[PDB]
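Written below as structure tokens is the structure these notes are about.
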Amino acid sequence: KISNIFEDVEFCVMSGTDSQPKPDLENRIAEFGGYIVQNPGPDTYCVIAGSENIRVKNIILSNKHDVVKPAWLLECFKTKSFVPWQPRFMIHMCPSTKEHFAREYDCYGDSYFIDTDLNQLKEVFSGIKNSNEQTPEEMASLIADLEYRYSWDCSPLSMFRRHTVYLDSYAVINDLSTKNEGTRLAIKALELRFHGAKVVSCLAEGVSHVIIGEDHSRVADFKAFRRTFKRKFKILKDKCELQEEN
Amino acid sequence: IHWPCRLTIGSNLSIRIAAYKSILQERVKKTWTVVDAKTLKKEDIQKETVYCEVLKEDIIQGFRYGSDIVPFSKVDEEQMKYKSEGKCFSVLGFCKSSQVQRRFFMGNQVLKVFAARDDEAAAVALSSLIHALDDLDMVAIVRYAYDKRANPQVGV
Amino acid sequence: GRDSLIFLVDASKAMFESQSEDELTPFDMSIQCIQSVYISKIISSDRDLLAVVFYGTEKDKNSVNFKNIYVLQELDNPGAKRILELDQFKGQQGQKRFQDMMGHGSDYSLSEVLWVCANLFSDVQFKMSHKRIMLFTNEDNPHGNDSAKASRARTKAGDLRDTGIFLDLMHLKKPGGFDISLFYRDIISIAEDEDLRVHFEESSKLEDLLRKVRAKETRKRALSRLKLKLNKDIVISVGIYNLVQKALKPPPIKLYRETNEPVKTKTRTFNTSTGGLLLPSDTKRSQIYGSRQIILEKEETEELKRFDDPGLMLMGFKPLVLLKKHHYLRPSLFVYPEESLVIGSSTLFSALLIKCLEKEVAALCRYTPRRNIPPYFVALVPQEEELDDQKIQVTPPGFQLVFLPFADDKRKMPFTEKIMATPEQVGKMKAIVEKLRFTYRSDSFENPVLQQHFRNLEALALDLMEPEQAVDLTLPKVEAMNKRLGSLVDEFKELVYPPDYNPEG
Amino acid sequence: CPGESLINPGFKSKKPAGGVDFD
DNA sequence: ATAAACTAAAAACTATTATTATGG
DNA sequence: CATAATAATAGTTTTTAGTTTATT
């Protein structure tokens, strides 16, 4: 009809009163020549999912239908062009729709061909489960490797949270248990987890960066354990509280 | 058939049992054959259910809800059907024999219950329970379920 | 006739104020009660008609054009559309939605509302077995203010009582309590009046009103107006009843896939061999025994099913002691005399009842339900009239027709040899039963299948997101039984079962 | 009316379903 | 070998309509 | 062989006996 695009495809409008009242959506579909059926026929390609009902659950269980939110079909309407199916309105889909989304996207809405933007990247990320459960150092190394491979070390945050810096957060180094008020050891530890240099305040050999801390009275300790270290102390200066990583 | 089952009292008791139809309704297992009056042939006869015209794939089942009619697919009803367990026959409680009246005897058959076929200890337990119930003027309330598609039943 | 019940609800801000907002307003909870009543009626009586009206609201809706009086739904069979219409005002801000689309605040005349509901009763073109109207408020002060309108209202109410209308009033939530009798002290049609206190109670009988009872409860009618013939001529009209009747699901309805039209179905019998069309006179029934395929007409089968005429052929008297419990065929039926066709039937019936109760015998009778049916011998047990503590006839006086099975009604069983047990084990069972003894009541259970069936029906009728789940009373309290018993089962098992017995196998 | 389901006039009061209650 | 539904429910309550006993 | 006629017929809902189809 006006948009014959919606014709010849059977629609089980079992609930439309989610964006527009369901009869109104049926009117719009009919004016576009779409087929309105009150029960899901075998040729009912998609089902308009408005309000949530037990019938919705049955449709989900019965892998025969395409769960369609009314807003997506409103897009198809107002565009006057049939929007292709996408997984951000779609809940339960036929295996044909499963492979369709696996083709056009990575099943997250992230396409394999058409490039990304801020919006779709955020939507794909949020759709992916919240992922922060591992140890900070494993993911720290992962971030470091990705920054090396992708030149992402250019972040202003890249010098206090992941790799190779040494400090004195303890009155005696190699003694991880002593703690004395009168300085900002706590603040130094709180900073050592932000930009991308590893929290290290123990006698280590492979560490390359040694930095005098805000507890400047441990220059004696810094130098005494510097003999055990194979790296020398620089004249100190994110990167400017008391630091020399350059 | 042999209906092997377990009388279940709580969870601590489970006795293999054999309960069969003792008294029941009778009817011949061979029914009529509506054949032609001229060639005496059933194969020439044929019924033809017709829906108006439409086929069986244009139809669903519905249910009259008061003044209203409700579409209700068979798959949905099976999904939402209250489904019990099969061949489970547990005891529900013990009530006085005088509390019950034969006026409430439901069903169309009477079921006589034996223990397991050739299980001596099952027979011992059955006889002990029988004697106890007899001496106590006692009847047992039980839940009957024949198979998975069987409706659960409450019987004496 | 049917039952005419109208739910009369005020809209004068007397239902919007609340003792506290954690407690339902006098309005929304009444909506829930009405919806529960609609559901229960759907379960019980389709053919009944119920109506809901509002008074004191700013606008009105009624044929008489009486102001401030708005009928929400008229005397009709309950419909899910009506129920959801109530639901849109049910609960919090549902009264706000009401205010937005309906509003309130105006006054009214109780005479005027009585006139309106009388018009509603006059509107129905169907016979009503009862004239019930249900009033929802916590306050009688509106007409408690002016004496003239109060007098007119009570005069009108008396008139409606004369018409047979039974007014009923409910206790509603009020911070100051109902405080009855400010107006309504004798303006209530009551068969047993016991309410005279101020009744700060916020409810009178709202509990069962909200309670969802699941039953059909068909109206009483005799299953057969049969004739009891003593020998051939001492015949009395007798009423037979299924005092209990196994209920079943309503049948499915053939509906279309797209329009859900009730599909007209037709199963023509036709000659598939020629593709032609057959007639009932065009076919013959057959059964083949051995080498012989015996051919008959269905009718001939019917007349060879003709033995005795519909009635009762008394075969004699047998003492009640001569009855085997296991000799049961199908549920028994009740017997009652009828003077509709035979006068003196009830006197004779009473005489026989008393005499059989005395001599403790049953009148065995040849019973024919209706034509083309082989008569059966059935024992008629004299059934006494039993009245409860309230003197309510719980067991009607009459006779208990029990079906006496025939020779073939039994089945041969592969019996097992008789085995005894120690009396100690018998005492163990006695103690365990005493632990797990429970008092029996007739209505102690429901069919969970049918229950969940209705649950699903309601859910889809209310297009819910999720159905309420029926509780299965038939499921045993296994944890409670183990708690009650302990290790008595283990002791008895050791007394009986050797420590190798397979529980199932 | 005493002993009558006010919901269903002409029909006795309907008790709550209840269940097994050990004694 | 059929324990759910097999398949169509044999039956009055409570309401109407053409008969004629007759009006002529 | 006419006419204020009149009333014995019928037609709606219930609830039995027919039956599939797995069920062992």
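Residue numbers start at 1 in each chain; chains themselves are named A, B, ... in the order of the structure tokens; ligands are numbered from 1 in the order shown.
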
Exercise: residue 15 of chain F partners within 10 Å, only C-alpha atoms (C1' of nucleotides), chain neighbours under 2 positions left out, as a compact mmCIF listing (two decimals) with C-alpha atoms (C1' of nucleotides), in the first residue's frame:
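Resulting contents of selection-v7.txt:
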# COMPACT_ATOMS: atom_id res chain seq x y z
CA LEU C 223 -31.29 -35.88 37.86
CA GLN C 245 -20.71 -35.07 40.82
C1' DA E 9 -23.67 -36.05 26.51
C1' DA E 10 -31.27 -38.82 26.84
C1' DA E 11 -32.70 -34.12 30.33
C1' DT F 13 -29.34 -26.73 29.16

Taking only C-alpha atoms into account, produce a table as a tab-separated table in which each residue of chain B with an atom at most 8 Å from an atom of chain A appears once, together with its shortest atom pair and the distance in Å to one decimal, ordered by chain and rising number.
residue	atom	partner	partner_atom	distance
B:71	CA	A:39	CA	7.9
B:76	CA	A:58	CA	6.2
B:79	CA	A:58	CA	7.9

Those selected residues, please, written with N, CA and C atoms and delivered as an mmCIF file, in the first residue's frame.
data_model
loop_
_atom_site.group_PDB
_atom_site.id
_atom_site.type_symbol
_atom_site.label_atom_id
_atom_site.label_comp_id
_atom_site.auth_asym_id
_atom_site.auth_seq_id
_atom_site.Cartn_x
_atom_site.Cartn_y
_atom_site.Cartn_z
ATOM 1 N N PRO B 71 -8.372 -17.175 23.344
ATOM 2 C CA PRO B 71 -7.491 -18.035 22.548
ATOM 3 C C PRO B 71 -6.515 -18.761 23.455
ATOM 4 N N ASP B 76 0.505 -24.131 24.576
ATOM 5 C CA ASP B 76 0.496 -23.286 25.760
ATOM 6 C C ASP B 76 -0.183 -23.978 26.928
ATOM 7 N N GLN B 79 2.168 -26.480 28.318
ATOM 8 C CA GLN B 79 3.197 -25.787 29.080
ATOM 9 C C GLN B 79 2.671 -25.363 30.443
#

Top pick for closest residue to chain C, considering B:147, B:85, B:58, B:135 and counting only C-alpha atoms: B:58

Which polymer residues have any atom within 8 Å of an atom of residue 2 of chain E, counting only C-alpha atoms (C1' of nucleotides), with same-chain residues fewer than 6 positions away left out, as a short mmCIF file (atom, residue, chain, number, x, y, z; two decimals) with C-alpha atoms (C1' of nucleotides), in the first residue's frame?
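After the write, out_31.cif holds the following:
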data_model
loop_
_atom_site.label_atom_id
_atom_site.label_comp_id
_atom_site.auth_asym_id
_atom_site.auth_seq_id
_atom_site.Cartn_x
_atom_site.Cartn_y
_atom_site.Cartn_z
"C1'" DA F 22 -0.78 -43.61 24.22
"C1'" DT F 23 0.17 -46.89 28.15
"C1'" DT F 24 2.02 -50.45 30.84
#

Contact check, chain C to chain A, at most 9 Å, counting only C-alpha atoms, closest pairs as JSON lines:
{"residue": "C:256", "atom": "CA", "partner": "A:39", "partner_atom": "CA", "distance": 8.4}
{"residue": "C:257", "atom": "CA", "partner": "A:39", "partner_atom": "CA", "distance": 5.2}
{"residue": "C:258", "atom": "CA", "partner": "A:37", "partner_atom": "CA", "distance": 4.3}
{"residue": "C:259", "atom": "CA", "partner": "A:38", "partner_atom": "CA", "distance": 6.5}
{"residue": "C:260", "atom": "CA", "partner": "A:38", "partner_atom": "CA", "distance": 7.5}
{"residue": "C:456", "atom": "CA", "partner": "A:54", "partner_atom": "CA", "distance": 8.9}
{"residue": "C:459", "atom": "CA", "partner": "A:54", "partner_atom": "CA", "distance": 7.9}
{"residue": "C:460", "atom": "CA", "partner": "A:54", "partner_atom": "CA", "distance": 7.3}
{"residue": "C:463", "atom": "CA", "partner": "A:53", "partner_atom": "CA", "distance": 6.0}
{"residue": "C:464", "atom": "CA", "partner": "A:53", "partner_atom": "CA", "distance": 5.4}
{"residue": "C:465", "atom": "CA", "partner": "A:53", "partner_atom": "CA", "distance": 3.8}
{"residue": "C:466", "atom": "CA", "partner": "A:54", "partner_atom": "CA", "distance": 5.7}
{"residue": "C:467", "atom": "CA", "partner": "A:54", "partner_atom": "CA", "distance": 7.6}

Residues of chain C within 9 Å of chain D, counting only C-alpha atoms, as a PyMOL selection string: chain C and resi 3+37+40-41+44-45+129-130+190-192+208-209+211+213+217+219+390+392+434-441+443-446+473-474+476-477+481

Atom-to-atom span, atom CA of residue 22 of chain B and atom CA of residue 7 of chain B, Å: 18.4 Å

Residue among C:249, C:149, C:221, C:90 lying closest to residue 32 of chain C, counting only C-alpha atoms: C:90

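Residues within 7 Å of segment 492-504 of chain C, counting only C-alpha atoms (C1' of nucleotides) and excluding same-chain residues fewer than 6 positions away, are residues 14, 15, 16, 121, 124 and 125 of chain B; 425 and 428 of chain C.
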
Residues of chain B within 12 Å of chain D: nearest atom pair and distance (Å, one decimal) for each, counting only C-alpha atoms, sorted by chain and number, as a tab-separated table?
residue	atom	partner	partner_atom	distance
B:91	CA	D:20	CA	11.0
B:92	CA	D:20	CA	7.3
B:93	CA	D:20	CA	6.6
B:94	CA	D:22	CA	8.1
B:95	CA	D:22	CA	8.9
B:96	CA	D:23	CA	10.9
B:140	CA	D:20	CA	11.9
B:141	CA	D:20	CA	9.4
B:142	CA	D:20	CA	10.9
B:143	CA	D:20	CA	11.8
B:154	CA	D:20	CA	11.5

Distance filter 9 Å, only C-alpha atoms (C1' of nucleotides), chain E against chain B, as a ChimeraX atom specification: /E:1,3-4

Those in segment 27-240 of chain A with strand (DSSP E or B) from DSSP, as a PyMOL selection string: chain A and resi 34-37+44-49+67-68+105+111+166+210

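Atom CA of residue 24 of chain B is found 26.5 Å from atom CA of residue 251 of chain C.
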
Atomic separation - atom CA of residue 244 of chain C relative to atom CA of residue 310 of chain C, Å: 22.6 Å

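Across A:93, A:77, A:87, A:25, the tightest approach to residue 111 of chain A is made by A:87 when counting only C-alpha atoms.
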
Nearest to residue 490 of chain C by atom-to-atom distance, counting only C-alpha atoms, from B:61, B:98, B:39, B:12: B:12

Helix (DSSP H, G or I) positions in chain B, given as a VMD selection string: chain B and resid 56 to 58 74 to 80 102 to 104 120 to 135

Nearby residues (only C-alpha atoms (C1' of nucleotides)) at most 8 Å from residue 73 of chain B, same-chain spacing under 4 positions excluded, as a PyMOL selection string: chain B and resi 60-62+77

Written selection (N, CA and C atoms) as a compact mmCIF listing (two decimals), in the first residue's frame:
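Final file, selection.txt:
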# COMPACT_ATOMS: atom_id res chain seq x y z
N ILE B 60 -7.55 -22.69 15.82
CA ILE B 60 -6.95 -22.95 17.12
C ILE B 60 -8.06 -23.47 18.01
N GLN B 61 -7.75 -23.76 19.26
CA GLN B 61 -8.80 -24.01 20.24
C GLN B 61 -8.97 -22.78 21.12
N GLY B 62 -10.20 -22.56 21.57
CA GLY B 62 -10.51 -21.47 22.46
C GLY B 62 -11.29 -21.97 23.67
N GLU B 77 -1.29 -24.67 26.67
CA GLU B 77 -1.97 -25.34 27.77
C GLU B 77 -1.10 -26.45 28.35

Shell of 10 Å around residue 8 of chain F, only C-alpha atoms (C1' of nucleotides), local chain residues under 5 positions omitted, as an MDAnalysis selection string: chainID E and resid 18:20

I need the chosen residues saved as an mmCIF file, in the first residue's frame, with N, CA and C atoms (P, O5', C5', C4', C3', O3' and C1' of nucleotides).
data_model
loop_
_atom_site.group_PDB
_atom_site.id
_atom_site.type_symbol
_atom_site.label_atom_id
_atom_site.label_comp_id
_atom_site.auth_asym_id
_atom_site.auth_seq_id
_atom_site.Cartn_x
_atom_site.Cartn_y
_atom_site.Cartn_z
ATOM 1 P P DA E 18 -47.411 -19.753 17.054
ATOM 2 O "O5'" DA E 18 -48.151 -21.160 17.114
ATOM 3 C "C5'" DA E 18 -48.967 -21.580 16.046
ATOM 4 C "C4'" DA E 18 -49.247 -23.058 16.171
ATOM 5 C "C3'" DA E 18 -50.584 -23.503 15.638
ATOM 6 O "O3'" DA E 18 -50.548 -24.908 15.432
ATOM 7 C "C1'" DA E 18 -50.636 -23.407 18.016
ATOM 8 P P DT E 19 -51.892 -25.730 15.130
ATOM 9 O "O5'" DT E 19 -52.426 -26.127 16.577
ATOM 10 C "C5'" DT E 19 -53.805 -26.252 16.783
ATOM 11 C "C4'" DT E 19 -54.109 -27.209 17.910
ATOM 12 C "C3'" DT E 19 -55.580 -27.573 18.032
ATOM 13 O "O3'" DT E 19 -55.750 -28.820 18.716
ATOM 14 C "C1'" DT E 19 -54.968 -26.158 19.814
ATOM 15 P P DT E 20 -56.682 -29.976 18.089
ATOM 16 O "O5'" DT E 20 -57.966 -30.002 19.023
ATOM 17 C "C5'" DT E 20 -59.147 -29.349 18.597
ATOM 18 C "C4'" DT E 20 -59.565 -28.321 19.620
ATOM 19 C "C3'" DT E 20 -61.028 -27.967 19.610
ATOM 20 O "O3'" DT E 20 -61.738 -28.912 20.374
ATOM 21 C "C1'" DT E 20 -59.608 -26.067 20.034
#
